[PDB]
Amino acid sequence: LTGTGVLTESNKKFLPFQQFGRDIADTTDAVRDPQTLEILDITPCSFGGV
Amino acid sequence: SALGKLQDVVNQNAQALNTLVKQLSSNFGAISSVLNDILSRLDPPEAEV
Amino acid sequence: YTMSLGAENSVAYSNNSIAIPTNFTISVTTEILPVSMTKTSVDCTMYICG
Amino acid sequence: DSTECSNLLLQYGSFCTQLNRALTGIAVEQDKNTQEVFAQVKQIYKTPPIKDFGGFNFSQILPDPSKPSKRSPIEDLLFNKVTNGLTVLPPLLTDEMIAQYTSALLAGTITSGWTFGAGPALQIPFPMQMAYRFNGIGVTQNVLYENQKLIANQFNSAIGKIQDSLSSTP
Amino acid sequence: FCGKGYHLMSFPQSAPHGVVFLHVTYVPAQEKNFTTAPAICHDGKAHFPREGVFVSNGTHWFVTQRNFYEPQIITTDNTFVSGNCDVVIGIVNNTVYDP
Ligand SMILES: *[C@@H]1O[C@H](CO)[C@@H](O[C@@H]2O[C@H](CO)[C@@H](O)[C@H](O)[C@H]2NC(C)=O)[C@H](O)[C@H]1NC(C)=O
Ligand SMILES: *[C@@H]1O[C@H](CO)[C@@H](O[C@@H]2O[C@H](CO)[C@@H](O)[C@H](O)[C@H]2NC(C)=O)[C@H](O)[C@H]1NC(C)=O
Ligand SMILES: *[C@@H]1O[C@H](CO)[C@@H](O[C@@H]2O[C@H](CO)[C@@H](O)[C@H](O)[C@H]2NC(C)=O)[C@H](O)[C@H]1NC(C)=O
Ligand SMILES: *[C@@H]1O[C@H](CO)[C@@H](O[C@@H]2O[C@H](CO)[C@@H](O)[C@H](O)[C@H]2NC(C)=O)[C@H](O)[C@H]1NC(C)=O
Ligand SMILES: *[C@@H]1O[C@H](CO)[C@@H](O[C@@H]2O[C@H](CO)[C@@H](O)[C@H](O)[C@H]2NC(C)=O)[C@H](O)[C@H]1NC(C)=O
Ligand SMILES: *[C@@H]1O[C@H](CO)[C@@H](O)[C@H](O)[C@H]1NC(C)=O
Ligand SMILES: *[C@@H]1O[C@H](CO)[C@@H](O)[C@H](O)[C@H]1NC(C)=O
């Protein structure tokens with residue numbers, strides 16, 4: 001699973017089966033890292049109009 | 001329901017934005033709706049298609 | 001049901017009678033008119049391609 | 001009815017929902033337009049059975065009791081002169097109720113002046129209503145009263161010429 | 001255009017992406033029947049109201065403003081003379097007071 005974003009700590013209480021999370025657009029918003037099983041939130045990097 | 005004329009405009013604009021965001025989830029006949037999946041799965045001659 | 005258009009009123013017309021008001025009501029009514037929308041801008045390249 | 005076509009059409013998402021919603025908005029907008037145009041009165045007025053309006057003739061614009069559609073002769077001529085997933089929704093107001101609304105508006109503006117549009121319908125004789133309208137355009141009441149027969153004859157002749165011009169122009 | 005009734009004034013109010021107009025209007029109420037005439041015949045002359053309308057409560061004739069009942073004595077100050085009584089259809093006989 002590929003993508004770009006800032007990985008931060010999260011407070012979303014994922015259930016044991018649950019691995020990733022999806023927004024309305026279906027783009028991945030949170031992910032569970034292998035090897036260490038922790039839950040990393042994925043926040044898109046800051047952008048806007050010049 | 002006194003202020004329905006303004007709420008109608010707000011709901012129409014929010015629904016248009018939600019539809020435009022929702023349209024990214026459609027693959028439109030492709031193998032996937034995610035561009036990164038296509039770019040990581042296929043060679044550029046068929047990933048171009 | 002078949003909807004009614006209004007309460008039926010028959011105006012007491014005759015060729016030499018008039019109706020003159022003897023009192024009045026100061027009536028305040030609301031009229032709601034939209035003026036503007038939310039100003040939305042879409043980055044076309046980022047929306048199509050990211 | 002092709003199921004493979006609909007399975008391929010589900011790949012394009014909610015295009016059909018947007019088209020149906022836009023057409024539904026147009027369909028309710030037409031009923032809103034008719035509601036705003038014709039339903040400007042909440043009282044259904046009737047003319048008196050005796051049509052004594054000081055020589056003024058409204059038979060070409062008042063509803064004809066002999067016709068089952070309850071239309072005016074002018075309105076009857078107007079209605080005579082107009083000739084795969086597709087559905088046509090009927091309008092919310094039928095032509096009989098639109099004719100009833102126009103009949104109520106005509107009865108209000110004949111029997112009550114402009115008073116029914118601003119409040120309760122206050123009755124007034126039609127040669128007095130006409131004099132008030134004459135004073136609205138800056139002509140004295142006496143001019144209307146002295147020449148009331150000529151104005152009534154001119155009005156009846158003009159209404160007949162309107163019916164003749166509508167019947168003679170395609 | 002500015003509410004139902006005779007428009008007096010209006011107040012604007014801001015609203016989210018909109019405007020709200022408070023239309024203050026005048027609505028007539030408590031109407032009463034009166035017997036009316038187009039003109040008053042007096043001394044062989046026809047008298048017409050300058051701004052009002054001739055009304056009668058049954059025995060006496062008055063002139064009042066059109067949108068509010070305020071009966072006043074039919075005088076020369078509030079009437080004007082045009083022609084004789086032979087032309088106007090529905091002219092009635094009543095005295096016209098001279099101040
Ligand atoms: C003015 O007089 C007319 C007739 O004298 C009144 O009209 C009548 O009103 C009553 C009350 O609703 C009805 O039952 C009658 O059928 C009406 N008759 C006609 C011929 O319309 C009218 O109400 C009077 N106006 C006022 C303000 O009192
Ligand atoms: C004109 O109408 C007003 C109300 O719109 C009348 O005022 C009311 O009069 C009654 C009895 O006199 C009182 O009990 C109410 O409290 C009054 N209401 C208000 C808001 O003041 C007024 O009397 C009427 N005048 C005429 C001449 O009919
Ligand atoms: C008002 O106008 C109508 C039609 O414009 C008149 O009705 C006509 O009457 C004459 C003789 O009475 C007939 O020969 C015509 O055939 C009638 N025309 C129609 C269309 O029916 C009516 O007489 C006029 N006056 C009144 C008081 O109603
Ligand atoms: C019509 O109005 C006039 C004037 O307002 C009334 O005449 C007055 O009536 C009162 C009541 O009896 C008397 O006290 C006055 O003396 C009368 N004035 C004059 C100049 O005579 C008249 O009664 C009213 N008529 C009706 C049927 O209401
Ligand atoms: C109004 O007054 C006029 C004049 O005072 C009346 O006309 C008179 O009527 C009588 C009988 O009808 C005749 O003998 C006179 O010759 C007429 N005089 C004039 C100058 O025309 C008229 O009848 C009165 N109308 C009412 C309704 O009372
Ligand atoms: C390796 O991944 C597994 C999950 O499949 C995990 O249980 C284990 O702790 C991981 N070990 C190390 C050394 O990361
Ligand atoms: C009003 O009609 C009556 C008949 O109902 C008649 O006697 C009277 O002269 C008419 N008045 C006017 C001003 O036309």
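Residue numbers start from 1 in every chain, and the chains themselves are labelled A, B, ... in the order their sequence lines are given, proteins ahead of strands.
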Engaged part of B:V21 at the chain A interface, taking heavy atoms whose separation is under 4.5 Å: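 Both parts, heavy atoms under 4.5 Å.
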Between B:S25 and A:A25, which heavy-atom pair has the shortest distance, and what is it?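 Result for this residue pair: CB-O, 3.8 Å.
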Which pair of heavy atoms, one from A:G3 and one from B:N36, lies closest together, and at what distance?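 Looks like CA-ND2, 3.8 Å.
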Tell me if the [atom1] atom of [X] is crowded by more than 12 foreign heavy atoms within 6.0 Å.
{"X": "B:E46", "atom1": "CD", "answer": "yes"}
{"X": "A:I24", "atom1": "CD1", "answer": "no"}
{"X": "B:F28", "atom1": "CZ", "answer": "yes"}

Once you round to the nearest 0.5 Å, how far does CG of A:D26 lie from CG of B:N27?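 CG of B:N27 is found 11.0 Å from CG of A:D26.
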Distance (rounded to the nearest 0.5 Å) between B:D37 CG and A:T2 OG1: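 Nearest 0.5 Å value for the CG-OG1 distance: 7.0 Å.
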